[PDB]
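For reference, the structure is listed below as structure tokens.
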Amino acid sequence: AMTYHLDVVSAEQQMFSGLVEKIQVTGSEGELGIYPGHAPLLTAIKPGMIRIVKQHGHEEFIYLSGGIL
Amino acid sequence: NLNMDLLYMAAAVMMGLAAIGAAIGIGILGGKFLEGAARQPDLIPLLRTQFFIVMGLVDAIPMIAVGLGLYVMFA
Amino acid sequence: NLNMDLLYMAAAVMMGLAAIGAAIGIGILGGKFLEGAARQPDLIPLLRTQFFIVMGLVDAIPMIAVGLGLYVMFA
Amino acid sequence: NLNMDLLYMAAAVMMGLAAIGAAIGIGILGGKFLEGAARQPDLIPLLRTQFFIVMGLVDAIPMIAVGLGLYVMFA
Amino acid sequence: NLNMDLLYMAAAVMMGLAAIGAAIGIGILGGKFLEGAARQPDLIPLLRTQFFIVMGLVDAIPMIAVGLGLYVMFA
Amino acid sequence: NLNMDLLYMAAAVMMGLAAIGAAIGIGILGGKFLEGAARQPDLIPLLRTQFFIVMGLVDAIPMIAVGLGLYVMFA
Amino acid sequence: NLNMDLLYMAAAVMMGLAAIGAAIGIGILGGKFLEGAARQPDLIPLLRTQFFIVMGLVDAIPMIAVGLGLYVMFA
Amino acid sequence: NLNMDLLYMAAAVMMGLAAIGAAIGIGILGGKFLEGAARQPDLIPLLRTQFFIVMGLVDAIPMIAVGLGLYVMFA
Amino acid sequence: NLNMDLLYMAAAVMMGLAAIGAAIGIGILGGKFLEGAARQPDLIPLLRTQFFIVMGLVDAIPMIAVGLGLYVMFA
Amino acid sequence: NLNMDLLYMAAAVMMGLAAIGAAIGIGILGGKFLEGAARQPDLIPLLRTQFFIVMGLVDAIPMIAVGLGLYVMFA
Amino acid sequence: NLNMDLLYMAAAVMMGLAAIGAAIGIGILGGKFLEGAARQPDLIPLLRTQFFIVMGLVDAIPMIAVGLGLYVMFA
Amino acid sequence: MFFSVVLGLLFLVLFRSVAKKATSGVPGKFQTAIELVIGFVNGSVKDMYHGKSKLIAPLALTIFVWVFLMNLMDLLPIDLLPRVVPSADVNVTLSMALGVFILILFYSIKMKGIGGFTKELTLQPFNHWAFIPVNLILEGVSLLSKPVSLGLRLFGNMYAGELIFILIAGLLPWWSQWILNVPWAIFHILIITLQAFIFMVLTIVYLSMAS
Amino acid sequence: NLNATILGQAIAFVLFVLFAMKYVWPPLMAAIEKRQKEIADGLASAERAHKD
Amino acid sequence: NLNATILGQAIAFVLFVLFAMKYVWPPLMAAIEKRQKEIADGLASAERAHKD
């Protein structure tokens, strides 16, 4: 599901992008409710795959290397 | 006389002091609702029903105290 | 005399001690409103109504205590 | 008379003051549930059952107080 | 004599103990105002009026206690 | 009569007021369990047993109070 | 004698217990002032006046308690 | 009679109210253990023994209260 | 006799219970001073004077309680 | 009889209620020790001695209360 | 007899309940010392003297309560 | 007088026992793990000793040494659980000599160091600060008491708690429970003695640090 | 403790203290001092020999 | 109804005698030989070192 212009960048080049209404993962803090409508905040995440409702109900788990978001 | 005097003292004791616990507890819950919604606005329709459930359970403890108070006053 | 003395003691007991719970609880809520709005100013019109609801529910617990107090004084 | 007066005073004492502890404690738990779910929405079905268990254990302490109150009133 | 003695004891009970709740609650609110303004200075004119509203609502609970105290002393 | 009246007053005193401490303390623990699991979900099977141990130790303090209450009522 | 004895007991009750609320509340405010200034030193001249206002409002609740105490002792 | 009545009232007073302090204090410690282990799971075998020491020291304060209670009931 | 007995009971009541509020409040302030200086060591000469002001204002509330205690004992 | 009855009531009052302050205070300290060591494990041998000092100073306040209790019971 | 009975009851009241405030307050300070040193170990020699000052000021409030207790017992 | 002089005698037995075992021991042997524990005790004692640094240093070491050492004295009575007044004024004995000695050592840093030489001026502007001289005067009063006050308060406090565990163990018809608590009570006792040495090093840090 | 008994009771402790002062403190203070300077000493000689 | 104390104290003294004596003993011995063997070992190897 699309919401809030969800982009994925990396140094050499941006990783990915989209609008994801829900991003299903557990923040480095802890379980992170996939949501549109979260506030201005700073985050980082370890490597791993996070399903996300991204544009038009397209929810996918995407492995990470560790990185910041 | 002594029994009637004891009823009125007992009614004051059971009514007021125990009801302080929900006066505080209902407020604790609404403070959690306000702080949770301020931190994450999208979670409002999920946690508002939790706040209502929780307020009613906290309010039931004084209503028990008030019940004993009214029994002492009128039963 | 003994019954009248018991009424006045009971009125003092039920009026003052229980009302401390909202004196604290109304303040707990407004502190949550102030801290939530300071952290996220855009959430003000969402959480202000929550604060009013919550303050009134906390204030109702003492109003119960005050009600018993007035019954003892005047009923 | 003196024994009956003592029952009614004792019922007020045991009913109201102890029940304040769950009025506060039930609220403490629901505030933790609301704040935990606001911080991490995916953990809702894990911690909601914990909140129910915990509320019931806190509510059992007043129900003990209420039990003594009712024994004094009616036993 | 017994009724007059009961008035003076009742006045002490209702005046002092309940007023502790706002002594704490007025302070809780001002601590939230100070911490909120320290974290976000631009939100000062928004939350200062909230602090005043909230302080007055907390102060009204003791003023109820004080009212019962004065009734017992002078009514 | 005086000894019997003292038993019923003493039962009310020891039963209600002390049991407030676990009503609060059982809730404090479950709030820590909920907040700890919300922050770090993988630590659930490690800290749940700690919560049970801790709840039972807090609940034992009132059960002592309740024991004295029942001795006064029935012993 | 009974009325005079009641005055002295009532003076002790209203003076000491209610004044605990500002003893705590004045301290709560100064702790918020110290923590707010430690986190953001540039906000000192903005929040220091808030601390004074708030301390005086909290201190007024005991001064009410003390007033009733002095009335009982000397009026 | 008066001495026996005083024993039973005194037993209720010393047993219940003081034991609230550990009911709360044992819970405070277990909440710290749960929150500390949730934040840093590798520190579990270091802080668990601290929690046990600390719970036993807090539990000793009520056991003192209970001791006085039992002396009043049975000594 | 009755008036003298009332003085000694009243002195105990007003002296001890109200002074708990600063015992807690003086400590709350010093905890804020220690935590503020630990977080930001350069702010020590700014907040130390605030801590002294605040401790003295909190200590004045018990000194009021102690004053009433001494009046009851010696006036 | 009246003096002996007063001793047993006074022993219950001074023993139980004051000892709640360390039951809570000993626990507050151990919670700080556990949370401090969880956040920074290398600081364990520095803060453990502080926890012991602090627990003993908090425990001395009840031991004063217990001392008065034992004087009333046995002196 | 009545005056002597009042002394022993008054001694129990003033000794135990007020001393709870430092039992808590001494612990609050040591918890701040432990948490401040855990967060910033280099600030230990700066804040340890603050903790001692603060503990002694909090401990002086009960020593006032204890003083009134001893006056009632032995003066 | 004769009555409950027996308890004073018990106190004597324990105290002197420690006192002689000391100079007996330095020559030999002490033990295979003997050298080890000699190290942990002596050395750690020195580590905490500063703490003080140097004021009482030789007598500081000897001192806290005798604190735990002689402190095993009433620790025997807790083990007794697992006439009727053997340990009574022995516990009171330890308490008394304890708080007394506390104020005494305060005087040691007072004359030996300033200290009391400085304490003649300890009235100080602290008495004027605080414009009323009773500010510093009074603070110092509560302090001077508090050293022997908390000192002995803890001293007979521990002696007493020991006694309570003891009698509790004594009065039970089926007494296996007394065996159970005797372990806990004993742990409490060790806590007491080590904590006593702890009080010693605290007064040391105070003492060579200040006065 | 009827008279003078509890008195001598505390007296006992005080005396043991002083006896520790004169003889014990000298012999034993130097005694633990001796092990300290012992392991300390040998370890020291160790280090120097190696380095030089 | 039976005395019953010394039994529990004694059995706990057995199992606990084992656990405790066991726990402390090895550490303290390894501390002994740790110390003597410490200043020692260093001194000796360092003697080989200096001499050689």
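Read-outs throughout are calculated quantities, based only on the coordinates presented, and are distinct from any laboratory measurement. Backbone-built Cβ (ideal geometry, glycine too); neighbour counts: all protein chains shown.
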The stretch A:53-69 residues near the modelled A:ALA11 label - backbone nitrogen below 16 Å, point 7 Å along Cα→Cβ: A:65-69
Mean projected area (nm²) of the alpha-carbon convex hull when chain K is viewed from all directions: 5.1 nm²
Chain L - mean residue ellipticity at 222 nm from DSSP helices (-39,500 (n - 2.57) per run, n ≥ 4, rounded to 500): -26500 deg cm²/dmol
Helix K:44-74 vs. chain K, principal-axis angle (Cα, 0 to 90°, nearest 10): 0 degrees
Alpha-carbon centroids, the stretch L:1-20 and chain C: separation in whole Å: 63 Å
Exercise: per-residue mean of other protein chain Cβ atoms within 10 Å, L:137-150: 2
Karplus (6.51, -1.76, 1.60) ³J(HN,Hα), θ = phi - 60°, over the stretch L:92-102, in Hz, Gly and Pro reported as x: 4, 4, 4, 3, 4, 4, 6, x, 3, 4, 4
Three-way shape label, chain A, alpha-carbon gyration tensor, a/c 1.5: rounded
Closest approach to the J/H rotation axis among chain J Cβ atoms, residue and whole-Å value: J:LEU17, 8
All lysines inside 28 Å of L:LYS52 as judged from Cα atoms, apart from same-chain residues fewer than 8 positions distant: J:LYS32, K:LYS32, L:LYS20, L:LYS21, L:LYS110, L:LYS112, L:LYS119, L:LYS146, M:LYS22, M:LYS34, M:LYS37
10 Å beta-carbon shell around D:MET9, net charge (K/R +1, D/E -1): -3
Between 0 and 90°, nearest 10: helix J:2-39 axis offset from chain J longest Cα axis: 0 degrees
The stretch A:1-51: GluC sites (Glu not before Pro) in DSSP coil with no more than 16 other Cβ atoms inside 10 Å: A:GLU12, A:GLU29
Chain F - percent relative contact order, Cα under 8 Å, separation 6 or more: 56 percent
Gaussian network model of chain D, Cα within-10 Å springs - most flexible of D:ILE26, D:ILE61, D:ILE44: D:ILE44
Charge context of J:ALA18, other residues only, Cβ under 14 angstrom, K/R +1, D/E -1: -2
Choice from I:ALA38, I:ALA18, I:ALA60 showing the highest fluctuation, given a GNM over chain I with Cα pairs closer than 10 Å: I:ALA38
Averaged over A:16-26, number of beta-carbon atoms from partner chains that fall within 10 Å: 1
Neighbouring partner chain Cβ atoms per residue of N:17-25, average, 10 Å criterion: 0
Under-5 Å amide H pairs with L:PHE30, H placed in peptide plane, nonlocal only: L:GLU35
Which of D:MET15, J:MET55, A:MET2 has the fewest Cβ neighbours within 10 Å, and the rest in rising order: A:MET2, J:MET55, D:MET15
Magnitude of the charge dipole, the protein assembly as shown, Cβ model with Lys/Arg +1 and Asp/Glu -1, debye to 20: 2520 debye
Kirkwood Rh in Å, taken over all unlike Cα pairs in chain N: 14.4 Å
Highest average packing first - L:126-134, L:88-96, Cβ atoms within 10 Å: L:88-96, L:126-134
Bins of 10 Å from zero: percent of alpha-carbon pairs in chain L: 8, 27, 31, 21, 10, 3, 0
Net +/- balance of residues flanking A:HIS38 in space, Cβ distance below 14 Å, scoring K and R +1, D and E -1: -2
Anchor L:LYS29: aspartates and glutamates whose Cα lies under 17 Å away (excluding residues fewer than 8 positions away in-chain): M:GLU33, M:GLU38, N:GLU33
Nitroxide proxy distance, nm - points 7 Å out along Cα→Cβ at C:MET63 and A:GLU59: 4.4 nm
Sorted by Cβ neighbour density within 10 Å, fewest at the top, the residues N:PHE16, I:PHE51: N:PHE16, I:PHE51
Whether the protein assembly as shown is rounded, prolate or oblate, judged on the alpha carbon gyration tensor where a/c under 1.5 counts as rounded: oblate
12 Å reach of a label modelled at L:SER142, 7 Å along Cα-to-Cβ, counting backbone N of the stretch K:61-75: K:61-67
H:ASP42 paired with C:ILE53, simple spin-label distance in nm, labels 7 Å along Cα-to-beta-carbon: 4.5 nm
